[PDB]
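final_17.cif (mmCIF, N, CA and C atoms) appears below.
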data_input
loop_
_atom_site.label_atom_id
_atom_site.label_comp_id
_atom_site.auth_asym_id
_atom_site.auth_seq_id
_atom_site.Cartn_x
_atom_site.Cartn_y
_atom_site.Cartn_z
N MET K 1 46.28 -1.75 41.56
CA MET K 1 47.51 -2.58 41.47
C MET K 1 47.27 -3.85 40.65
N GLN K 2 48.30 -4.37 39.95
CA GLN K 2 48.30 -5.67 39.28
C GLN K 2 48.74 -6.84 40.18
N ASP K 3 49.74 -6.69 41.06
CA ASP K 3 50.28 -7.80 41.90
C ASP K 3 49.19 -8.62 42.62
N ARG K 4 48.16 -7.94 43.13
CA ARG K 4 46.94 -8.50 43.75
C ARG K 4 46.17 -9.49 42.87
N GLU K 5 46.14 -9.22 41.56
CA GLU K 5 45.44 -9.95 40.51
C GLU K 5 46.24 -11.21 40.15
N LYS K 6 47.39 -11.09 39.45
CA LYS K 6 48.35 -12.18 39.16
C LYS K 6 48.57 -13.18 40.32
N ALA K 7 48.69 -12.69 41.56
CA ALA K 7 48.72 -13.49 42.79
C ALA K 7 47.51 -14.43 42.92
N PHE K 8 46.30 -13.87 43.03
CA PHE K 8 45.06 -14.65 43.12
C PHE K 8 44.78 -15.48 41.86
N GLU K 9 45.18 -14.98 40.70
CA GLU K 9 45.18 -15.68 39.41
C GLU K 9 45.99 -16.98 39.51
N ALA K 10 47.20 -16.94 40.10
CA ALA K 10 47.97 -18.14 40.39
C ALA K 10 47.18 -19.13 41.26
N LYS K 11 46.65 -18.69 42.42
CA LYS K 11 45.81 -19.50 43.35
C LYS K 11 44.69 -20.27 42.66
N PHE K 12 44.14 -19.75 41.56
CA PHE K 12 43.02 -20.37 40.83
C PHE K 12 43.37 -20.74 39.37
N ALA K 13 44.66 -20.83 39.02
CA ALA K 13 45.10 -21.18 37.66
C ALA K 13 44.94 -22.67 37.30
N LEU K 14 44.81 -23.56 38.30
CA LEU K 14 44.79 -25.02 38.16
C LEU K 14 43.84 -25.73 39.15
N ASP K 15 42.76 -25.04 39.54
CA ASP K 15 41.79 -25.44 40.57
C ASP K 15 42.45 -25.66 41.96
N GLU K 16 41.67 -26.10 42.96
CA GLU K 16 42.24 -26.62 44.21
C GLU K 16 42.80 -28.06 44.08
N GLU K 17 42.31 -28.89 43.15
CA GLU K 17 42.71 -30.31 43.08
C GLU K 17 44.22 -30.54 42.93
N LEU K 18 44.90 -29.74 42.11
CA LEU K 18 46.37 -29.71 41.97
C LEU K 18 47.09 -29.34 43.28
N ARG K 19 46.51 -28.47 44.11
CA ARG K 19 47.08 -27.98 45.38
C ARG K 19 47.42 -29.12 46.37
N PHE K 20 46.70 -30.25 46.31
CA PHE K 20 46.99 -31.48 47.07
C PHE K 20 48.33 -32.15 46.70
N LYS K 21 48.72 -32.12 45.42
CA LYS K 21 50.07 -32.52 44.98
C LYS K 21 51.09 -31.42 45.23
N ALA K 22 50.71 -30.15 45.09
CA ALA K 22 51.55 -28.99 45.39
C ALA K 22 52.20 -29.09 46.78
N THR K 23 51.42 -29.18 47.87
CA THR K 23 51.94 -29.30 49.24
C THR K 23 53.08 -30.31 49.34
N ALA K 24 52.90 -31.55 48.87
CA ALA K 24 53.86 -32.66 48.95
C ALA K 24 55.27 -32.31 48.44
N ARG K 25 55.39 -31.75 47.23
CA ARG K 25 56.69 -31.25 46.73
C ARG K 25 57.08 -29.92 47.40
N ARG K 26 56.19 -28.94 47.50
CA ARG K 26 56.43 -27.59 48.07
C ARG K 26 56.91 -27.60 49.52
N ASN K 27 56.48 -28.57 50.33
CA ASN K 27 56.92 -28.87 51.70
C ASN K 27 58.45 -28.79 51.82
N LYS K 28 59.19 -29.49 50.94
CA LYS K 28 60.66 -29.39 50.86
C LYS K 28 61.14 -27.94 50.70
N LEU K 29 60.56 -27.22 49.73
CA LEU K 29 60.92 -25.84 49.37
C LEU K 29 60.58 -24.80 50.46
N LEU K 30 59.45 -24.97 51.15
CA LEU K 30 59.06 -24.19 52.33
C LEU K 30 60.04 -24.39 53.48
N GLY K 31 60.44 -25.64 53.75
CA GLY K 31 61.51 -25.98 54.69
C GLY K 31 62.73 -25.08 54.53
N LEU K 32 63.29 -25.02 53.32
CA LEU K 32 64.43 -24.17 52.96
C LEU K 32 64.20 -22.69 53.30
N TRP K 33 63.06 -22.14 52.87
CA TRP K 33 62.64 -20.77 53.18
C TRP K 33 62.75 -20.46 54.69
N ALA K 34 62.16 -21.28 55.56
CA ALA K 34 62.21 -21.10 57.01
C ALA K 34 63.58 -21.46 57.64
N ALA K 35 64.19 -22.59 57.25
CA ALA K 35 65.53 -23.04 57.64
C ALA K 35 66.62 -21.98 57.44
N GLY K 36 66.61 -21.29 56.30
CA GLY K 36 67.46 -20.13 56.01
C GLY K 36 67.40 -18.99 57.03
N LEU K 37 66.23 -18.72 57.64
CA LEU K 37 66.04 -17.63 58.62
C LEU K 37 66.42 -18.07 60.04
N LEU K 38 66.01 -19.29 60.41
CA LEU K 38 66.38 -19.93 61.68
C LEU K 38 67.85 -20.35 61.77
N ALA K 39 68.55 -20.48 60.65
CA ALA K 39 69.92 -21.00 60.56
C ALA K 39 70.11 -22.32 61.34
N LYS K 40 69.42 -23.38 60.89
CA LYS K 40 69.53 -24.75 61.41
C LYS K 40 70.84 -25.44 60.97
N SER K 41 70.93 -26.76 61.18
CA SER K 41 72.00 -27.65 60.70
C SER K 41 72.13 -27.68 59.17
N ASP K 42 71.16 -28.25 58.45
CA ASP K 42 71.17 -28.31 56.98
C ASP K 42 69.79 -27.96 56.39
N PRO K 43 69.72 -27.39 55.17
CA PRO K 43 68.46 -27.08 54.48
C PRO K 43 67.60 -28.32 54.21
N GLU K 44 68.15 -29.34 53.54
CA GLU K 44 67.40 -30.56 53.20
C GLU K 44 66.89 -31.32 54.44
N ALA K 45 67.62 -31.26 55.55
CA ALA K 45 67.32 -31.88 56.85
C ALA K 45 66.07 -31.30 57.52
N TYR K 46 65.88 -29.98 57.50
CA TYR K 46 64.61 -29.41 57.96
C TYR K 46 63.47 -29.71 56.96
N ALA K 47 63.72 -29.55 55.66
CA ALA K 47 62.80 -29.92 54.57
C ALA K 47 62.25 -31.36 54.64
N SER K 48 63.06 -32.36 55.00
CA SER K 48 62.62 -33.75 55.14
C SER K 48 61.53 -33.92 56.22
N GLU K 49 61.69 -33.26 57.36
CA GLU K 49 60.68 -33.17 58.43
C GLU K 49 59.42 -32.39 58.01
N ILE K 50 59.45 -31.49 57.01
CA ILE K 50 58.22 -30.86 56.49
C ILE K 50 57.36 -31.88 55.72
N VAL K 51 57.93 -32.63 54.76
CA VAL K 51 57.23 -33.75 54.06
C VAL K 51 56.84 -34.92 54.97
N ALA K 52 57.13 -34.85 56.27
CA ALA K 52 56.64 -35.74 57.32
C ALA K 52 55.74 -35.02 58.34
N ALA K 53 55.67 -33.68 58.32
CA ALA K 53 54.78 -32.90 59.19
C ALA K 53 53.29 -33.01 58.79
N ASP K 54 52.96 -33.60 57.64
CA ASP K 54 51.57 -33.81 57.21
C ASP K 54 50.88 -35.00 57.90
N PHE K 55 51.64 -35.90 58.54
CA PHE K 55 51.08 -37.00 59.32
C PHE K 55 50.10 -36.47 60.39
N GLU K 56 48.83 -36.91 60.33
CA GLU K 56 47.75 -36.60 61.29
C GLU K 56 47.94 -37.30 62.66
N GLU K 57 49.12 -37.11 63.25
CA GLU K 57 49.46 -37.53 64.61
C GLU K 57 48.73 -36.67 65.65
N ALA K 58 48.72 -35.35 65.43
CA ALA K 58 48.15 -34.35 66.34
C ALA K 58 46.71 -33.93 65.95
N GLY K 59 46.38 -33.89 64.65
CA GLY K 59 45.02 -33.68 64.17
C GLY K 59 44.94 -32.97 62.81
N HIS K 60 44.81 -31.64 62.86
CA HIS K 60 44.75 -30.77 61.68
C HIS K 60 45.88 -29.72 61.74
N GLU K 61 46.04 -28.92 60.68
CA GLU K 61 47.08 -27.87 60.51
C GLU K 61 48.53 -28.39 60.69
N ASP K 62 48.75 -29.69 60.55
CA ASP K 62 49.98 -30.42 60.88
C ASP K 62 51.22 -29.85 60.16
N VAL K 63 51.10 -29.52 58.87
CA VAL K 63 52.15 -28.79 58.12
C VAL K 63 52.32 -27.32 58.58
N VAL K 64 51.21 -26.62 58.83
CA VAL K 64 51.09 -25.17 59.11
C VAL K 64 51.70 -24.79 60.47
N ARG K 65 51.32 -25.50 61.53
CA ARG K 65 51.89 -25.39 62.89
C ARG K 65 53.43 -25.42 62.89
N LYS K 66 54.05 -26.28 62.06
CA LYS K 66 55.51 -26.36 61.86
C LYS K 66 56.04 -25.00 61.39
N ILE K 67 55.52 -24.46 60.28
CA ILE K 67 55.83 -23.11 59.76
C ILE K 67 55.74 -22.01 60.85
N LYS K 68 54.64 -21.95 61.63
CA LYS K 68 54.42 -20.96 62.72
C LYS K 68 55.49 -20.96 63.83
N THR K 69 55.83 -22.16 64.30
CA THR K 69 56.88 -22.45 65.30
C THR K 69 58.21 -21.81 64.92
N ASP K 70 58.57 -21.97 63.65
CA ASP K 70 59.71 -21.33 63.01
C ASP K 70 59.53 -19.80 62.89
N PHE K 71 58.34 -19.30 62.56
CA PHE K 71 58.09 -17.86 62.49
C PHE K 71 58.35 -17.11 63.81
N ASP K 72 58.09 -17.72 64.97
CA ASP K 72 58.50 -17.25 66.31
C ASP K 72 60.03 -17.29 66.52
N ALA K 73 60.70 -18.37 66.11
CA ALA K 73 62.15 -18.52 66.21
C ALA K 73 62.91 -17.46 65.38
N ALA K 74 62.54 -17.31 64.10
CA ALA K 74 62.94 -16.20 63.24
C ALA K 74 62.49 -14.81 63.75
N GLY K 75 61.50 -14.74 64.64
CA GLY K 75 60.93 -13.50 65.17
C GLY K 75 60.32 -12.59 64.10
N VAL K 76 59.61 -13.18 63.13
CA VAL K 76 58.82 -12.46 62.10
C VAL K 76 57.39 -12.18 62.60
N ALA K 77 56.77 -11.13 62.07
CA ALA K 77 55.43 -10.71 62.43
C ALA K 77 54.37 -11.34 61.50
N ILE K 78 54.14 -12.66 61.64
CA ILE K 78 53.14 -13.40 60.83
C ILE K 78 52.42 -14.45 61.68
N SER K 79 51.09 -14.36 61.75
CA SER K 79 50.19 -15.28 62.45
C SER K 79 49.70 -16.43 61.57
N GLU K 80 49.31 -17.53 62.22
CA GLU K 80 48.75 -18.77 61.64
C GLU K 80 47.65 -18.47 60.60
N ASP K 81 46.78 -17.49 60.87
CA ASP K 81 45.81 -16.84 59.97
C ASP K 81 46.38 -16.50 58.57
N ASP K 82 47.53 -15.81 58.51
CA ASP K 82 48.27 -15.43 57.29
C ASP K 82 49.06 -16.62 56.70
N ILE K 83 49.66 -17.50 57.52
CA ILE K 83 50.48 -18.65 57.06
C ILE K 83 49.74 -19.47 56.00
N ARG K 84 48.57 -20.03 56.35
CA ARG K 84 47.69 -20.75 55.42
C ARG K 84 47.46 -19.98 54.11
N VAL K 85 47.17 -18.67 54.18
CA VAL K 85 46.99 -17.79 53.00
C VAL K 85 48.24 -17.73 52.13
N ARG K 86 49.42 -17.49 52.73
CA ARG K 86 50.71 -17.55 52.04
C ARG K 86 50.90 -18.91 51.39
N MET K 87 50.66 -20.02 52.09
CA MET K 87 50.74 -21.38 51.54
C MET K 87 49.99 -21.52 50.21
N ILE K 88 48.75 -21.03 50.08
CA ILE K 88 47.99 -21.15 48.81
C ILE K 88 48.79 -20.62 47.60
N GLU K 89 49.21 -19.35 47.63
CA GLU K 89 49.99 -18.69 46.57
C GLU K 89 51.35 -19.32 46.36
N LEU K 90 52.03 -19.65 47.45
CA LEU K 90 53.30 -20.36 47.38
C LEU K 90 53.11 -21.68 46.63
N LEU K 91 52.05 -22.44 46.91
CA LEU K 91 51.73 -23.69 46.20
C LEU K 91 51.44 -23.47 44.70
N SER K 92 50.81 -22.36 44.31
CA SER K 92 50.54 -22.00 42.90
C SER K 92 51.79 -21.92 42.01
N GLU K 93 52.90 -21.42 42.55
CA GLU K 93 54.22 -21.51 41.91
C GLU K 93 54.80 -22.94 41.96
N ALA K 94 54.59 -23.67 43.05
CA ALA K 94 55.10 -25.03 43.20
C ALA K 94 54.57 -26.02 42.15
N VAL K 95 53.38 -25.78 41.60
CA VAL K 95 52.75 -26.57 40.53
C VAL K 95 53.11 -26.11 39.12
N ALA K 96 53.68 -24.91 38.95
CA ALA K 96 54.07 -24.35 37.65
C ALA K 96 55.06 -25.27 36.90
N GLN K 97 56.08 -25.73 37.62
CA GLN K 97 57.03 -26.77 37.20
C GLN K 97 56.37 -28.11 36.82
N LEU K 98 55.42 -28.63 37.62
CA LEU K 98 54.67 -29.87 37.33
C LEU K 98 53.79 -29.75 36.08
N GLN K 99 53.18 -28.58 35.89
CA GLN K 99 52.31 -28.26 34.76
C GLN K 99 53.06 -28.26 33.43
N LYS K 100 52.60 -29.12 32.51
CA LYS K 100 53.23 -29.29 31.20
C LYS K 100 52.81 -28.21 30.21
N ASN K 101 51.51 -27.92 30.10
CA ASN K 101 50.91 -26.97 29.15
C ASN K 101 49.65 -26.27 29.68
#
Would you mind writing the file out in structure tokens?
Amino acid sequence: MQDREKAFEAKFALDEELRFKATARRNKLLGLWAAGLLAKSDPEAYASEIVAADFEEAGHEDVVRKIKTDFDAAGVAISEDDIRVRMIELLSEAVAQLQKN
């Protein structure tokens, strides 16, 4: 298969260092993805709490735990193990827009 390659190619197209800026903008966009399945109040309203879920109030996985909580509400078959993995590739697209050349 090719999809396996292009996918991991995205994950390593701009090192890990870009991925730290990726999360910050992508947080909004991930909010929308989960908010759409849970059918909350507003898309941007759940997204605003994602760009605040990175605060180390509780410790680690602060953004990720938020995503999982919603995955139970939506009743999808995805564990915390897979969430972090999905986040990497999802972030690789989130930096494509930021990347000039």
Discussion item. Please compute the atom C of residue K:32-atom C of residue K:101 distance, one decimal, in Å.
Written reply: 28.0 Å
Worksheet, complete the sentence: Separating atom CA of residue K:29 from atom N of residue K:47, to the nearest tenth of an Å, is a gap of 7.8 Å
Worksheet item: What do you get, as a ChimeraX atom specification, if you spell out every residue that the PyMOL selection byres (((chain K and resi 63-69 and name CA) around 12) and name CA) selects here?
Response: /K:23-24,26-35,37-38,46-62,70-88
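With distances restricted to only N, CA and C atoms, K:11 is the closest residue to residue K:91 from K:42, K:4, K:36, K:11.
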Item to complete: Tell me, in Å to one decimal, how far atom CA of residue K:7 is from atom CA of residue K:95.
Response: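 Result for atom CA of residue K:7 versus atom CA of residue K:95: 13.9 Å, one decimal.
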Item to complete: as a ChimeraX atom specification, please: all residues of chain K that backbone DSSP puts in helix (DSSP H, G or I).
Response: /K:3-11,19-38,43-50,62-73,80-94
Output as JSON the centre and edge lengths (Å, one decimal) of the box along x, y and z of the file that holds every listed atom of stretch 12-27 of chain K after adding 4 Å on each side.
{"center_x": 50.1, "center_y": -26.2, "center_z": 44.6, "size_x": 24.8, "size_y": 20.9, "size_z": 22.5}
Practice prompt. Determine, counting only N, CA and C atoms, which protein, DNA and RNA residues have an atom within 8 Å of an atom of residue K:12; residues of the same chain fewer than 3 positions away are not included. Present the result as a ChimeraX atom specification.
Written response: /K:7-9,15-16,88-89,92
Have stretch 36-51 of chain K completed to N, CA, C and O atoms, please, and pass it along as a PDB file, in the frame of the given file.
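See rebuild.pdb below for the written result:
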ATOM      1  N   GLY K  36      66.610 -21.290  56.300  1.00  0.00           N
ATOM      2  CA  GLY K  36      67.460 -20.130  56.010  1.00  0.00           C
ATOM      3  C   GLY K  36      67.400 -18.990  57.030  1.00  0.00           C
ATOM      4  O   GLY K  36      68.420 -18.350  57.267  1.00  0.00           O
ATOM      5  N   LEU K  37      66.230 -18.720  57.640  1.00  0.00           N
ATOM      6  CA  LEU K  37      66.040 -17.630  58.620  1.00  0.00           C
ATOM      7  C   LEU K  37      66.420 -18.070  60.040  1.00  0.00           C
ATOM      8  O   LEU K  37      67.065 -17.339  60.791  1.00  0.00           O
ATOM      9  N   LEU K  38      66.010 -19.290  60.410  1.00  0.00           N
ATOM     10  CA  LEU K  38      66.380 -19.930  61.680  1.00  0.00           C
ATOM     11  C   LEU K  38      67.850 -20.350  61.770  1.00  0.00           C
ATOM     12  O   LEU K  38      68.323 -20.610  62.872  1.00  0.00           O
ATOM     13  N   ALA K  39      68.550 -20.480  60.650  1.00  0.00           N
ATOM     14  CA  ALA K  39      69.920 -21.000  60.560  1.00  0.00           C
ATOM     15  C   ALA K  39      70.110 -22.320  61.340  1.00  0.00           C
ATOM     16  O   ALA K  39      70.856 -22.412  62.315  1.00  0.00           O
ATOM     17  N   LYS K  40      69.420 -23.380  60.890  1.00  0.00           N
ATOM     18  CA  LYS K  40      69.530 -24.750  61.410  1.00  0.00           C
ATOM     19  C   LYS K  40      70.840 -25.440  60.970  1.00  0.00           C
ATOM     20  O   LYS K  40      71.750 -24.791  60.459  1.00  0.00           O
ATOM     21  N   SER K  41      70.930 -26.760  61.180  1.00  0.00           N
ATOM     22  CA  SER K  41      72.000 -27.650  60.700  1.00  0.00           C
ATOM     23  C   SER K  41      72.130 -27.680  59.170  1.00  0.00           C
ATOM     24  O   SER K  41      73.102 -27.157  58.646  1.00  0.00           O
ATOM     25  N   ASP K  42      71.160 -28.250  58.450  1.00  0.00           N
ATOM     26  CA  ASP K  42      71.170 -28.310  56.980  1.00  0.00           C
ATOM     27  C   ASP K  42      69.790 -27.960  56.390  1.00  0.00           C
ATOM     28  O   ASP K  42      68.769 -28.260  57.028  1.00  0.00           O
ATOM     29  N   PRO K  43      69.720 -27.390  55.170  1.00  0.00           N
ATOM     30  CA  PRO K  43      68.460 -27.080  54.480  1.00  0.00           C
ATOM     31  C   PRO K  43      67.600 -28.320  54.210  1.00  0.00           C
ATOM     32  O   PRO K  43      66.444 -28.381  54.628  1.00  0.00           O
ATOM     33  N   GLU K  44      68.150 -29.340  53.540  1.00  0.00           N
ATOM     34  CA  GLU K  44      67.400 -30.560  53.200  1.00  0.00           C
ATOM     35  C   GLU K  44      66.890 -31.320  54.440  1.00  0.00           C
ATOM     36  O   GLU K  44      65.842 -31.965  54.381  1.00  0.00           O
ATOM     37  N   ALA K  45      67.620 -31.260  55.550  1.00  0.00           N
ATOM     38  CA  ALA K  45      67.320 -31.880  56.850  1.00  0.00           C
ATOM     39  C   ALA K  45      66.070 -31.300  57.520  1.00  0.00           C
ATOM     40  O   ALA K  45      65.278 -32.046  58.085  1.00  0.00           O
ATOM     41  N   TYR K  46      65.880 -29.980  57.500  1.00  0.00           N
ATOM     42  CA  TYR K  46      64.610 -29.410  57.960  1.00  0.00           C
ATOM     43  C   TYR K  46      63.470 -29.710  56.960  1.00  0.00           C
ATOM     44  O   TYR K  46      62.384 -30.091  57.362  1.00  0.00           O
ATOM     45  N   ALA K  47      63.720 -29.550  55.660  1.00  0.00           N
ATOM     46  CA  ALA K  47      62.800 -29.920  54.570  1.00  0.00           C
ATOM     47  C   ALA K  47      62.250 -31.360  54.640  1.00  0.00           C
ATOM     48  O   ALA K  47      61.069 -31.558  54.332  1.00  0.00           O
ATOM     49  N   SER K  48      63.060 -32.360  55.000  1.00  0.00           N
ATOM     50  CA  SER K  48      62.620 -33.750  55.140  1.00  0.00           C
ATOM     51  C   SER K  48      61.530 -33.920  56.220  1.00  0.00           C
ATOM     52  O   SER K  48      60.514 -34.570  56.000  1.00  0.00           O
ATOM     53  N   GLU K  49      61.690 -33.260  57.360  1.00  0.00           N
ATOM     54  CA  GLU K  49      60.680 -33.170  58.430  1.00  0.00           C
ATOM     55  C   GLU K  49      59.420 -32.390  58.010  1.00  0.00           C
ATOM     56  O   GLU K  49      58.364 -32.588  58.610  1.00  0.00           O
ATOM     57  N   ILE K  50      59.450 -31.490  57.010  1.00  0.00           N
ATOM     58  CA  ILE K  50      58.220 -30.860  56.490  1.00  0.00           C
ATOM     59  C   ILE K  50      57.360 -31.880  55.720  1.00  0.00           C
ATOM     60  O   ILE K  50      56.198 -32.033  56.057  1.00  0.00           O
ATOM     61  N   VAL K  51      57.930 -32.630  54.760  1.00  0.00           N
ATOM     62  CA  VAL K  51      57.230 -33.750  54.060  1.00  0.00           C
ATOM     63  C   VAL K  51      56.840 -34.920  54.970  1.00  0.00           C
ATOM     64  O   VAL K  51      56.252 -35.891  54.483  1.00  0.00           O
TER      65      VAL K  51
END
